[PDB]
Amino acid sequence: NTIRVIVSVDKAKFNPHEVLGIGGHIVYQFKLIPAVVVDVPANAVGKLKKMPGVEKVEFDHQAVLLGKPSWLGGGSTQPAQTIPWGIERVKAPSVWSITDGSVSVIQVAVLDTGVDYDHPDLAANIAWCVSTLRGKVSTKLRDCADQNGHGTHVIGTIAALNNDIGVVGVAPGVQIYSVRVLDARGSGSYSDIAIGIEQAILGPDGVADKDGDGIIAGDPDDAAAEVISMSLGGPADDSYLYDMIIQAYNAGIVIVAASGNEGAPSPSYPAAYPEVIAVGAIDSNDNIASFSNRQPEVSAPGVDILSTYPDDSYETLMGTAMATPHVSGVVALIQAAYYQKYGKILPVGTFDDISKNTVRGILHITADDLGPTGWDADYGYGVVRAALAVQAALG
């Protein structure tokens, strides 16, 4: 009866009453790209096409969480802090006395099923809690809360607190924007994801560049996250989503996503974009996971990953979804350390980068090169290493 559709518009010519006229609804007018999410009856899609200036009509595609409960089972096994093997594998703990992410200009946004925001091992690091489900940006704690468990896990992988209890993240001091883009079942429309990406550059104040100097990420006066981490993917590549991705990147934000769990020969979207670092999964033997989609950029612990889980609990999951937050957390350390030393963050790399000069190049060079020498289709450049990466960033 009604269908959701994302129109790419001439914002000069385009009038939302026109769609309202044809029985439609306006879902979300993008702040950062000339586009608008709409509901139209099926027959109107014709009409919608040359509304002035509707220049492109794109359908709303489905993306899916990329982490699942592990074969080995189980919880936090002791009433003290556990360090999950993957945290130690990506060489995080030795960085912390330099930084643990707690540099205050630095935020990581995590677009997922939501967060258990008052989790005793998360709560202090959760700086903003948004949902974008169904096109409506909500900031109600009841809407922004994790109905699934996955985003809670993925977040504790980046940022669980270094303390008494539970687990610890790669960056246990970094601030987290939780942007709920996937429903209770872990399904998400691209539109909601695109909006989430926009919410992550806007930050809590709804403005991309308050103060007008074209510095977004790494700007103390702006609320923009510096990392957007997506433990999700789907098979569709739409141009308004890719445009949003180019908005993030241009803001100087590092974008990180799961390669996918299908054993496919290349990454899903958004991982498959040049501007995103595609992350594949290793196990505790440094073998590539056979589920891990091939031709990632880097790989990271992704099998039998103990992390935070609702409600105030912990669980062990697996997938390229679990690998991803290790990479994101390793970026957060890079940028935090870099900022703490120089007045400034590093630029996002490119995929090709083998320089000490960007986040991505440093990643690529300090990674632990497993399998065949150099970048390979299983490991990418290899397994990411916080300690060596932060040493490069500051050397």
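Start at 1 with the first residue shown and count on from there.
Two stretches are in play, 73 to 81 and 129 to 137, and the higher mean C-alpha B-factor belongs to 73 to 81. For the pair 184 to 192 and 209 to 217, the mean Cα B-factor is higher in 209 to 217. Compared with the other modelled residues of the chain, the Cα B-factor recorded for residue 253 ranks in the middle third. When the modelled residues of the chain are ordered by their C-alpha B factor, residue 262 lands in the middle third. Ranked by Cα temperature factor within the chain, residue 108 sits in the lowest third according to the deposited record. Among the modelled residues of its chain, residue 274 has a C-alpha B-factor that falls in the highest third, as given in the PDB entry. Annotation for residue 68: CA B-factor lies in the lowest third of the chain's modelled residues.
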